[PDB]
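Asks: Take a look at the following structure, please.
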Amino acid sequence: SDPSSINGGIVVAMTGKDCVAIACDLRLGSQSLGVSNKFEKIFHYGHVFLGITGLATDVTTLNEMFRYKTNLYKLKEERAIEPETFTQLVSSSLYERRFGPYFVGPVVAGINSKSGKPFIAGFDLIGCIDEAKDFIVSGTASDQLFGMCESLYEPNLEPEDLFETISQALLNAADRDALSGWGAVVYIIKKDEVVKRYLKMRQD
Amino acid sequence: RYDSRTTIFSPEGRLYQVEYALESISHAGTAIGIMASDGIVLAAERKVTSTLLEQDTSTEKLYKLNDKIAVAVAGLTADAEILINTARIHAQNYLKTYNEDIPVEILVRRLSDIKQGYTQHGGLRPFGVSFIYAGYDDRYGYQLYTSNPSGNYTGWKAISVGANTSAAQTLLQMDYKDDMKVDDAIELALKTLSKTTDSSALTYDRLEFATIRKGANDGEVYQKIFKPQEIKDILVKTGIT
Amino acid sequence: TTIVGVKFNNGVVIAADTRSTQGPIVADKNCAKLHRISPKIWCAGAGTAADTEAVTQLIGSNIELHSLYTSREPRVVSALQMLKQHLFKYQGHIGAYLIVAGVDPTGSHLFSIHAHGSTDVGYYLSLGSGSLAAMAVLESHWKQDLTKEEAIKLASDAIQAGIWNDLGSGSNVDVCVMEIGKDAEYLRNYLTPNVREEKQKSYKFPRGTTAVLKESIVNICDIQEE
Amino acid sequence: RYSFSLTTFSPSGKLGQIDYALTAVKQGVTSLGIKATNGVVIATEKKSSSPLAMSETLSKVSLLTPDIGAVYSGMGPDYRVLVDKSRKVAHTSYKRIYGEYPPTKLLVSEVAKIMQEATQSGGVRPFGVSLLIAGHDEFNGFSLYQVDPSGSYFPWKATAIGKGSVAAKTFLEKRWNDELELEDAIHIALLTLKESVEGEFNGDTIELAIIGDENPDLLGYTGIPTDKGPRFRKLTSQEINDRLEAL
Amino acid sequence: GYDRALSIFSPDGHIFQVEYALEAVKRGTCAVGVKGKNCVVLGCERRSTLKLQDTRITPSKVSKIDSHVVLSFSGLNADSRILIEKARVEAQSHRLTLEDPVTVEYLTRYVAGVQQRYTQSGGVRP
Amino acid sequence: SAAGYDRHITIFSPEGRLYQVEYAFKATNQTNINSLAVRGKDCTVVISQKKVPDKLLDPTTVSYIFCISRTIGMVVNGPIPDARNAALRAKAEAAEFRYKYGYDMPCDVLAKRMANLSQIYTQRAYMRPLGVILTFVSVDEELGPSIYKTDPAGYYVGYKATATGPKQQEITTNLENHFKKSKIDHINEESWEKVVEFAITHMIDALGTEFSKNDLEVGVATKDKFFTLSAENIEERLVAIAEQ
Amino acid sequence: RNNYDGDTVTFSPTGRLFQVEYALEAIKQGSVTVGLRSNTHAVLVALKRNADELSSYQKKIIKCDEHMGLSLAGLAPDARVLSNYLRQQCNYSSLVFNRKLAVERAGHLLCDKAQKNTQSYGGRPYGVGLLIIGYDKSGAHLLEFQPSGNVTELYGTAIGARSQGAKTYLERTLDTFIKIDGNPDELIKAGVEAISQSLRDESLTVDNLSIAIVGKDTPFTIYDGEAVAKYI
Amino acid sequence: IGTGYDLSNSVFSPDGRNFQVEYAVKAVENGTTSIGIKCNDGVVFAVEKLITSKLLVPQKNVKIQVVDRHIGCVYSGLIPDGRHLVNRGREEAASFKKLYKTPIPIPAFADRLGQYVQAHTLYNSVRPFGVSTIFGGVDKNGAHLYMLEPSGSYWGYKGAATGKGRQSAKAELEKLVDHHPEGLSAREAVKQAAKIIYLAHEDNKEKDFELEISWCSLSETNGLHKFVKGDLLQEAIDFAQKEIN
Amino acid sequence: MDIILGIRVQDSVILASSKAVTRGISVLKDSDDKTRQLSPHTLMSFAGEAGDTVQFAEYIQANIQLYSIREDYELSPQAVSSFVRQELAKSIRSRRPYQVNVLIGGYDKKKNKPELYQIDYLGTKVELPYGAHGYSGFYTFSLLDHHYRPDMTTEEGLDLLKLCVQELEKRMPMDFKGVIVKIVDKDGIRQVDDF
């Protein structure tokens, strides 16, 4: 189909009271052949965390690319980039190729340093800020994740409970998709601790 | 005469334009890099002060290049601006491509070539800025270099650029000890800036300072620009104030 | 989506739904579709969403810029031509469909502009997927002479109507009322026809219902040599 | 031969063009800025040079962004091109990379960078002016800065430039205090600038603007709490008068 | 004049900028080359000024162009850098094109070609 | 003095300003014409001497007032070569403006674009600066009566009334005297015709010369129209003065 | 003064440029040629000069096209350029317009070619004088091209060193060679006389004479060596 | 005048002149007399084409050149520089013809020429033009005659002159206005054009000249430009010969 | 068509490539080489489209060796595989579509361990200790991992590659006409004759 649908991978982020959660699968697929089960998809540049779903080649190159812009940012300003400001950077990079765009769907997660508000945003092929403070999903199982997350979600969650909510959301949805699953990983960003917790789970 | 173009040589078989640019660096203040096996101290002087000069909220003779290489600045700041920006861009261009931080040696080399090109080609001015580079890359540990205005580089274990070079150098090599310590190097720097600079008190707000240390974790380097009030505490310890 | 644009004697009202839909999955329930060009020229985005959101920002940089260069307020006509010539070059490969609405010292103005560059000037215009849906309330209750009070009512009944029949738009109705000589009042989440139905159960889980392979600490902050 | 291109240097260093460029600055009128702990006041004067010439068509105080204003001291015409460019780059280089109006330090550098290119070329004169750029952002606070003809910039607590530079500089040193409010700064600003011309002072001949608190009034729109009004504010002719009555 | 540019042939058929380039060489370090029958020794004077100079991280005056061709140089070190980089890039290119390693003759004729080109123009000195 | 720097515009003298650019202020009194423009109250008038040096010339070609666009006039003081060239850009720029920004182009903005262009010419040594002083006239879309003088440096400032030429000082003192004693910046005659008569009176007084009708060229910007008057249209105003 | 002769973008106070007059002088420094014509034939007769007597001359006639061709006088580097362009215009006319290009219009494009380098900095006015002969629809023509670009339709002219003596031979006999028609040999006889008066310290050889002829039914042909020994 | 300011056509003297631009008018003086006579229903161009010796081919050398087919130009000054300007004039006309589907108006033609000349006094690597062009014709706005100076400056003229004999020319031209306030209809202006070149030649009484008269006449060529040739020309010669003696 | 196989042991990378080149419906020559060495401790086995294999492999060979000479010290496997991904990433958005998939199996000297990467024709590098591409990976991703243990010796892993050859011969309908095996360790790269 779409090159984005072929390679696969899911990214889902969530909000709570002074916390955000962002999780991914570890699957790399090239068509039905599973390549890798242990390649992550979420990266981070500073304390702002980025996911990228879609075609693999653009997922690694766009990891490299946004790293590249944020490290210039950091040096210039003499401070780490904020999520709020990183959400615009993300749209700008995507819009720069309209008619040969990168096949990806970025998800931004963080919590601001200037206000401490929790922050999340969604993107698309050619990109725009798609604002919520509920949850953002992307990927091949994005349609499963969109309903599945909404039932489970409640607002004003504690960081430890927010983990329970995301974990459940991702695992069952992932399981019932062919091009996702295959191991997972979740980052819970409190404020100044990030705990990184890898989901033990059934293989697909 | 043979200042008239940059692309012409003198009958002596020097180039007056480059020599002249070298004299540009002696109308700006001293910068001292000392390498020690336990760290590099980077030291710089602010050549302009006043009592209304804001200088306590700013760094401007200390610029971080990436996460593991930083420079000290001596010369024209306008000259400095364009090359620092370019260097930052290339060093991190290497990061993207190769997925490793740039080796110290290659990035100086890149930047010294660009300097030679401005003399070699067109009707552009050569740049009268001497940068002391301090980095860490695994292939030679701590690495110190400094660059001439001509467009060439040499390694050092300690070096001084800026004004009153000849005197300053004299003072350093008299008091160097081959193993050294990171703390003893800082102390050596201050001793030297004190004497070359005519600001006898030699206060915190007249000093910029950065130390590069691997003490933060292992295999991981932390570059720490000293902030003004900290610069004031270490002058008490060395006794200057 | 759905846009309705309606003149009144002292101004203009532009309104739009808040539901962001990408395919037949609701992408965001609450997210504006009112984009601001200039402080008194506002617009609503439809069609392809990415193209609308981007192009008001790039075009808007110029409109703001001309305000600063000319030392004059920004005309709405300035915004229209810049769009019309912009979209024209790329021939609808930026698919961007805007109702531009605003006020000026020249009067109150309403335009629509289309992907290929075409202009519509009426006293009510509508655009979007629920263009057809919103139309019928607009035709049967637009009148010549409307006060502020009525016009707010004319837009809100039309966006609400287009919510019900058009399955593409839902959620809240956002209003921006633009009055001559005065600040433009953004009345977002005016009318609520989507009070989130509460759930029978709490789908909250015990603590250690998930099964976790290992733990780890990643740093998000600077290291220290101290 | 040492002084008579941008490309040439001297056996005493530097370029002739930077020394002369500095001279251009001092031919201008006196313009000054005083930084306070909650604001920055920016002031300049206008010399009409005829009663026929209007005072408002001269704009020596210009918003770069609606958080960062500037004045200049030097040649009038050069100012006008550089402000048009400053806006133009303000939007390009850091409002499609940052998507909101630049932090003070960044734009200072971008404006500085144009000056640097105008020194860099051989056959292109450097600017006739040095600016003061005063602005606000959250991260580095209120701030005030000088962009000199070279392509080089300096942050300042207070400074002045132009013709009245030697009298003004010595006043600014004596009279600055550790802590001060904006309101008090307006009065210190006014008193300093009056040194430069006597008996031709008044709030129509004095242009005065600030980067102080936001004004949600002049934001242009309402009902959106996350965004703020402009930090920049131009004081009117009646408002200058009120403040002048109080001295 | 008549030494003010390379585009002045001069009233003696000498290009002064070529002449002054030659005078430039003298300022650099001494270098000597001697062939055997199963070797070449390429030897150079190594400059000293201070014992705070590294030799650890710092270029030698000898640079490997490929793996069987080598280069030593004399003159301004700053100038030479660019010379050496080009000489190297071409030597690797040679195997891109033919799939052979470089010949010794090919290389020297090329490095003189690069300067000759520079000499020919008037905008750039060699 | 002379060295770098009355031979180049990219070479600053030790005064701080470029000498050659200043020579352009001495190159605008080579055609020996004087303009006086004043503002009405819903109109702007501009009047410049018409110099006929020989009878072999057509006398109606001999103008310096121009139609730039619908609502913009311009009078140029200084040499003809630079006049046409300045005027061409200005016409062209006025046209360019609608299509970018919509509506008609006001005076202020025309004057700003010409001022930046003038600065550009001084920035690069690739051209000389312009030898003409431009005084643009309009009646504005909402800001009404305007006179804008843009000098070849690029300095531009608006006016209550303005004068230009080798006898500039003399019409300038006559104006101060008039507006200061009445206390009004404007001229409070609410028809456009009687402002044009006042302009004719003032020029007569300052120069000390009475003028005939082949000796004045008269342009009038009215609100949302611009027209240049022909000699027999000038004649109604001249007989107005001559018998009050 | 003559401090003004170093740029071709600078005029004199006497209303000249110095470089263009100097380019005029450059013609004289070279070889000598005489052109003359009749209504049904056109002829150039040109002196070949050699560096030394082991040296074997310099070809002074360049065949343009089969209805036009030209001779040179002055500097050769200059001539090769001007000729090339002219040939290019004759081949362009023949391909696209199926025409033999008029001598008058062709000469006029050359005048326009000269001004292209005169105006612009760099390049120079060319330092060669060209005499172009041809036969078109309007019969035989002889044009005198100059460095300046002044183009002059003439019955006879001569350029190069000591060429004033050919114009004196041609001036006396002006009406006589116009009346010759149908006899190419006799126009050559007149030309041979002409170029005799131009010489000083020399005598005509079978390899000094190079005689170039175009007319009604005869295409352009350049006689050399053993084809100029009927008219030696 | 002084030293400096001369060398490059972009440098100003103190006086507010530029010596190079001045130097360009001086150059036209040495050139060969040109006149224009405007008329109520035509324009007449005449020029003095000097013949250096009796070797020249008569009537086969012209400085009168055409633009489109309704505009006359004749230049004085340097011949080939003059050609270049007329070349460009053809380019101006041709471009207008494509777009608007009509022959250039004369004020349109004057504007574009006047800019091209001005550009070549604007830069440092250009040279100032060395030619004047008396030019004009008849259009849909009646007859117009212009004279373009080497500076980039032009004005309209009822009767115009430039070249060596221009003092004799202007003097006569002025006379023409006094005797004829009606300005002379086109026929009699051919014959009259002749007499002016014959007078102008009493300052050019060195070598012979060839009288070439062309016209463009509303009444007598149908607004198109054509040369005056044959018996019309002869009549104009005979009148001029008579009245000079 | 064409196989490339990889398995990494505890001190070596064993890369293998098919001997056959089939252009047309005829096997173009039965025994060939089809691996080129980027660096003296980094090996690039390649397979893909016609003659794009060769040009790309020669392109990368020049450029990695260039850096090695300048620094005076060879690149690591992390850097080398990465370079190659950059190149592919340009090439798929370029008018010239390269369609070359490669395996980079090198010895990291500074780390002292083998590293085996799978780099796709699209431009995606992931470190994997059993990878392949084409329809090689369609049979042998399962087979390796079954008999593979974290620890191995070089003798085991070669014999396990022989096991994988056998599977391939039965159920893949393409002939390979044998396979070549070069072993990449710390002691360089050497040819070892195997079927």
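Chains as they are written, first to last, in the entry's author numbering: chain j, 2 to 205; chain c, 5 to 245; chain i, 30 to 255; chain b, 4 to 250; chain d, 3 to 128; chain a, 8 to 251; chain f, 3 to 234; chain g, 4 to 248; chain k, 1 to 195. C-beta atoms are modelled at their ideal positions from N, C-alpha and C, and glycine is treated no differently.
1) Verify whether the separation of the beta carbon atoms of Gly17 (chain c) and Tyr22 (chain d) is less than 8 Å.
2) Provide the residue(s) that pair with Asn101 (chain k) in DSSP beta bridges, ordered along the chain.
3) Answer yes or no: does any C-beta atom of chain i fall closer than 8 Å to that of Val195 (chain j)?
4) Would you say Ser168 (chain j) reaches chain i, if we count a Cβ-Cβ gap shorter than 8 Å as a contact?
5) Hey, how far is the Cα of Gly43 (chain c) from the Cα of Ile136 (chain b)?
6) Any Cβ of chain c within less than 8 Å of the Cβ of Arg111 (chain d)?
7) At 8 Å on the CB atoms, spell out the chain b contacts of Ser30 (chain c), in chain order.
8) Classify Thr178 (chain f): buried if its beta carbon has 16 or more other beta carbons within 10 angstroms, exposed otherwise.
9) Within 8 Å of any Cβ in chain j, is that where the Cβ of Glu141 (chain b) sits?
10) Taking only beta carbons into account, state which residues of the region 48 to 80 of chain k come closer than 8 Å to chain c, listed in chain order.
11) Considering only the alpha carbon of each residue, which of g:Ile216, g:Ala111, g:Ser188 lies closest to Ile200 (chain g)?
12) Between which two residues does the beta strand (DSSP E) harbouring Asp61 (chain a) extend?
13) Kindly list the residues whose CB is nearer than 7 Å to the CB of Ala130 (chain i), restricted to its own chain and excluding five residues on each side of it in sequence; keep chain order.
14) Three-state secondary structure (DSSP) at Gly9 (chain j)?
15) Does DSSP put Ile88 (chain i) in a helix, a strand or coil?
16) Counting along the chain, where does the alpha helix (DSSP H) carrying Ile107 (chain g) start and finish?
17) Does the beta-carbon of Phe15 (chain g) have 16 or more other beta-carbons within 10 angstroms, so that it is buried, or is it exposed?
18) To the nearest angstrom, report how far apart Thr235 (chain a) and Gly226 (chain a) are at their CA atoms.
19) So, is the C-beta of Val12 (chain j) closer than 8 Å to a C-beta in chain k?
20) Whose C-beta lies closer than 6 Å to the C-beta of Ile247 (chain g) among residues of the same chain, with five residues either side of it excluded?
21) Taking the Cβ atom as the reference point for each residue, do residue 276 (chain k) and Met174 (chain k) lie within a distance shorter than 8 Å?
22) Less than 8 Å between CB atoms is the rule here; does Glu103 (chain a) satisfy it with respect to chain i?
23) Does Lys228 (chain c) come within less than 8 Å of chain i when only Cβ atoms are used?
24) If you compare alpha carbons, which of k:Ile183, k:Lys125, k:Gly24 is closest to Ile7 (chain k)?
25) Out of curiosity, what's the CA-to-CA distance linking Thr242 (chain c) and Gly219 (chain c)?
26) Among the candidates a:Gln37, a:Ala122, a:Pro60, whose CA atom is the shortest distance from the CA of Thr142 (chain a)?
Replies: A quick look at the data gives this:
1) yes
2) k:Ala47
3) Chain i places a beta carbon closer than 8 Å to that of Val195 (chain j), counting this residue as a contact.
4) yes
5) 39 Å
6) no
7) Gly16
8) exposed
9) Yes, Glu141 (chain b) lies at the interface with chain j (some Cβ there is under 8 Å from its Cβ).
10) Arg70, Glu71, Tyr73, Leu75, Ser76, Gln78, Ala79
11) Considering only alpha carbons, the answer is g:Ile216.
12) Segment: none, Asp61 (chain a) is in no beta strand (DSSP E) and carries neither H nor E.
13) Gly34, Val41, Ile43, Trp71, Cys72, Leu139, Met207
14) coil
15) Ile88 (chain i): helix per DSSP, three-state reduction.
16) Premise fails: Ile107 (chain g) is in no alpha helix (DSSP H) and is neither H nor E.
17) buried
18) 4 Å
19) No, no contact with chain k.
20) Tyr201
21) Residue numbering for chain k in the displayed model covers 1 to 195; residue 276 (chain k) lies beyond these limits and cannot be assessed.
22) Interface annotation, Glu103 (chain a): not in contact with chain i, CB-CB separation never under 8 Å.
23) yes
24) k:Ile183
25) 23 Å
26) a:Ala122
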